[PDB]
Amino acid sequence: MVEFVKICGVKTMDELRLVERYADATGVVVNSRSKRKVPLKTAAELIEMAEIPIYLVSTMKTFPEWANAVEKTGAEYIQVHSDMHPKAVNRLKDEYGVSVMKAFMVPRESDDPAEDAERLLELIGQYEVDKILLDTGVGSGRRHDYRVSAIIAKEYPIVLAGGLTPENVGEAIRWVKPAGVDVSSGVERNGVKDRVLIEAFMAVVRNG
Ligand SMILES: [Cl-]
Ligand code: NA
């Protein structure tokens, strides 16, 4: 049983209200290399009208960048998609009172997933965050990424992310057994959050 579902990358009020009927959390992307990027003012509006937790999602690297974006948007939740220092992560929680989900890339430095898993756990232990997101990759290495993530998921209630779709999320869940899943383009139709795709995704998460 997955307890947490996040649909990331809402760009409009229409996409937000749709996602809110299904997801435990959503996210709005700023100051990042992303098709879902919106200006800070646009993110500030979605953050104000959201009725579920909405993450300010970004690859911003430095404290002043994050601090400016938190001041301008009023974000309560942030998703740090970068290797900003745990000390800088902690400064944001104390000085702005935000909850943090930290995203980690799944390393592919060994053919044995257990060794990539050991390296990943030592990086994760360096942070004090509400939530751990594991961002899985593509191609043939994806099966390796699931094997790594499955080891991590025994130690932390991780959120599994990366290329999830209605067609493949069932295998990802019973392979990795995460506490949560995160999906973006897998529930888009021509780049718009799509109700029928979301319902197909949720059916798998709730069924088995
Ligand atoms: Cl936190
Ligand atoms: Na705007």
# chains A, B, ... in the order shown; residues from 1 in each chain; ligands from 1

call {"tool": "residues_near_ligand", "arguments": {"ligand": "ligand 2", "cutoff": "7 Å", "atoms": "only C-alpha atoms and all ligand atoms", "output": "PyMOL selection string"}}
result
chain A and resi 39+41-42

call {"tool": "residues_around", "arguments": {"residues": "residue 104 of chain A", "least_positions_apart": "5", "cutoff": "12 Å", "atoms": "only C-alpha atoms", "output": "number ranges by chain"}}
result
A: 59, 79-84, 117, 119-125, 127, 131-137, 145, 149, 152, 158-162

call {"tool": "residues_near_ligand", "arguments": {"ligand": "ligand 1", "cutoff": "6 Å", "atoms": "only C-alpha atoms and all ligand atoms", "output": "ChimeraX atom specification"}}
result
/A:99-100,129-130

call {"tool": "write_last_selection", "arguments": {"atoms": "N, CA, C and O atoms", "output": "tab-separated table (two decimals), in the first residue's frame"}}
result
chain	number	residue	atom	x	y	z
A	99	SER	N	8.85	23.03	4.89
A	99	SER	CA	9.08	21.59	4.92
A	99	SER	C	9.80	21.22	3.64
A	99	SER	O	9.52	21.79	2.58
A	100	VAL	N	10.72	20.26	3.71
A	100	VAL	CA	11.60	19.97	2.59
A	100	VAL	C	11.43	18.53	2.13
A	100	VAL	O	11.45	17.59	2.95
A	129	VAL	N	15.36	16.10	6.48
A	129	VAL	CA	14.27	16.56	5.64
A	129	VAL	C	13.01	15.76	5.96
A	129	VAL	O	13.07	14.66	6.52
A	130	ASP	N	11.86	16.34	5.62
A	130	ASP	CA	10.60	15.66	5.83
A	130	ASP	C	10.50	14.43	4.95
A	130	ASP	O	10.02	13.37	5.38

call {"tool": "closest_residue", "arguments": {"among": "A:54, A:10, A:105, A:187", "to": "residue 34 of chain A", "atoms": "only C-alpha atoms"}}
result
A:10

call {"tool": "residues_around", "arguments": {"residues": "segment 192-202 of chain A", "least_positions_apart": "2", "cutoff": "12 Å", "atoms": "only C-alpha atoms", "output": "VMD selection string"}}
result
chain A and resid 2 to 24 26 35 to 36 164 to 170 173 181 to 190 204 to 208

call {"tool": "select_by_dssp", "arguments": {"residues": "chain A", "states": "helix (DSSP H, G or I)", "output": "JSON, numbers by chain"}}
result
{"A": [13, 14, 15, 16, 17, 18, 19, 40, 41, 42, 43, 44, 45, 46, 47, 48, 49, 63, 64, 65, 66, 67, 68, 69, 70, 71, 72, 73, 86, 87, 88, 89, 90, 91, 92, 93, 94, 95, 96, 113, 114, 115, 116, 117, 118, 119, 120, 121, 122, 123, 124, 139, 140, 141, 142, 143, 144, 145, 146, 147, 148, 149, 150, 151, 152, 153, 154, 155, 169, 170, 171, 172, 173, 174, 175, 176, 185, 186, 187, 195, 196, 197, 198, 199, 200, 201, 202, 203, 204, 205, 206]}

call {"tool": "select_by_dssp", "arguments": {"residues": "chain A", "states": "strand (DSSP E)", "output": "PyMOL selection string"}}
result
chain A and resi 4-8+25-29+54-58+77-80+99-105+131-135+159-161+180-183+188-189+192-193

call {"tool": "atom_distance", "arguments": {"atom1": "atom CA of residue 52 of chain A", "atom2": "atom CA of residue 171 of chain A"}}
result
27.2 Å

call {"tool": "residues_around", "arguments": {"residues": "residue 112 of chain A", "least_positions_apart": "3", "cutoff": "10 Å", "atoms": "only C-alpha atoms", "output": "list in words"}}
result
residues 108, 109, 115, 116, 117, 144, 147 and 148 of chain A

call {"tool": "residues_around", "arguments": {"residues": "residue 91 of chain A", "least_positions_apart": "3", "cutoff": "12 Å", "atoms": "only C-alpha atoms", "output": "list in words"}}
result
residues 62, 63, 64, 66, 67, 84, 85, 86, 87, 88, 94, 95, 96, 97, 98, 99, 100, 128 and 129 of chain A

call {"tool": "residues_around", "arguments": {"residues": "residue 40 of chain A", "least_positions_apart": "2", "cutoff": "10 Å", "atoms": "only C-alpha atoms", "output": "list in words"}}
result
residues 28, 29, 30, 31, 37, 38, 42, 43, 44, 45, 46, 56, 68, 69, 70, 72 and 73 of chain A

call {"tool": "write_last_selection", "arguments": {"atoms": "N, CA and C atoms", "output": "compact mmCIF listing (two decimals), in the first residue's frame"}}
result
# COMPACT_ATOMS: atom_id res chain seq x y z
N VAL A 28 4.83 22.95 -8.10
CA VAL A 28 4.95 23.94 -9.16
C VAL A 28 6.43 24.24 -9.37
N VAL A 29 6.88 24.22 -10.63
CA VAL A 29 8.30 24.28 -10.95
C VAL A 29 8.70 25.71 -11.27
N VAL A 30 9.79 26.18 -10.65
CA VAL A 30 10.33 27.51 -10.90
C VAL A 30 11.84 27.41 -11.09
N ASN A 31 12.39 28.40 -11.79
CA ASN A 31 13.84 28.57 -11.91
C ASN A 31 14.55 27.24 -12.13
N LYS A 37 8.13 24.88 -16.05
CA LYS A 37 8.54 26.10 -15.37
C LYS A 37 7.50 27.19 -15.58
N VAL A 38 7.19 27.92 -14.51
CA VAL A 38 6.35 29.11 -14.55
C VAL A 38 7.09 30.23 -13.84
N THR A 42 3.41 33.59 -11.07
CA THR A 42 2.42 32.57 -11.41
C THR A 42 2.41 31.47 -10.36
N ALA A 43 3.60 31.04 -9.92
CA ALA A 43 3.68 30.05 -8.85
C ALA A 43 3.07 30.58 -7.56
N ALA A 44 3.30 31.86 -7.25
CA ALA A 44 2.72 32.44 -6.05
C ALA A 44 1.19 32.35 -6.07
N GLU A 45 0.58 32.53 -7.24
CA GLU A 45 -0.87 32.45 -7.31
C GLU A 45 -1.36 31.03 -7.08
N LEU A 46 -0.72 30.04 -7.71
CA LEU A 46 -1.14 28.67 -7.50
C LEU A 46 -0.95 28.27 -6.04
N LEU A 56 7.11 23.99 -3.91
CA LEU A 56 7.89 24.83 -4.81
C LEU A 56 9.08 24.00 -5.26
N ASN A 68 14.94 34.02 -1.87
CA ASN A 68 14.15 34.94 -2.67
C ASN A 68 12.86 34.28 -3.15
N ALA A 69 12.94 33.04 -3.62
CA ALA A 69 11.75 32.41 -4.17
C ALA A 69 10.73 32.10 -3.08
N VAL A 70 11.20 31.75 -1.88
CA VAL A 70 10.27 31.52 -0.77
C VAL A 70 9.60 32.82 -0.34
N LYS A 72 9.00 35.42 -2.22
CA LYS A 72 8.08 35.93 -3.24
C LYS A 72 6.82 35.06 -3.36
N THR A 73 6.94 33.76 -3.13
CA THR A 73 5.82 32.84 -3.36
C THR A 73 5.04 32.48 -2.11

call {"tool": "atom_distance", "arguments": {"atom1": "atom CA of residue 110 of chain A", "atom2": "atom CA of residue 150 of chain A"}}
result
15.8 Å

call {"tool": "atom_distance", "arguments": {"atom1": "atom CA of residue 143 of chain A", "atom2": "atom CA of residue 60 of chain A"}}
result
28.9 Å

call {"tool": "closest_residue", "arguments": {"among": "A:77, A:103, A:174, A:57", "to": "residue 33 of chain A", "atoms": "only C-alpha atoms"}}
result
A:57
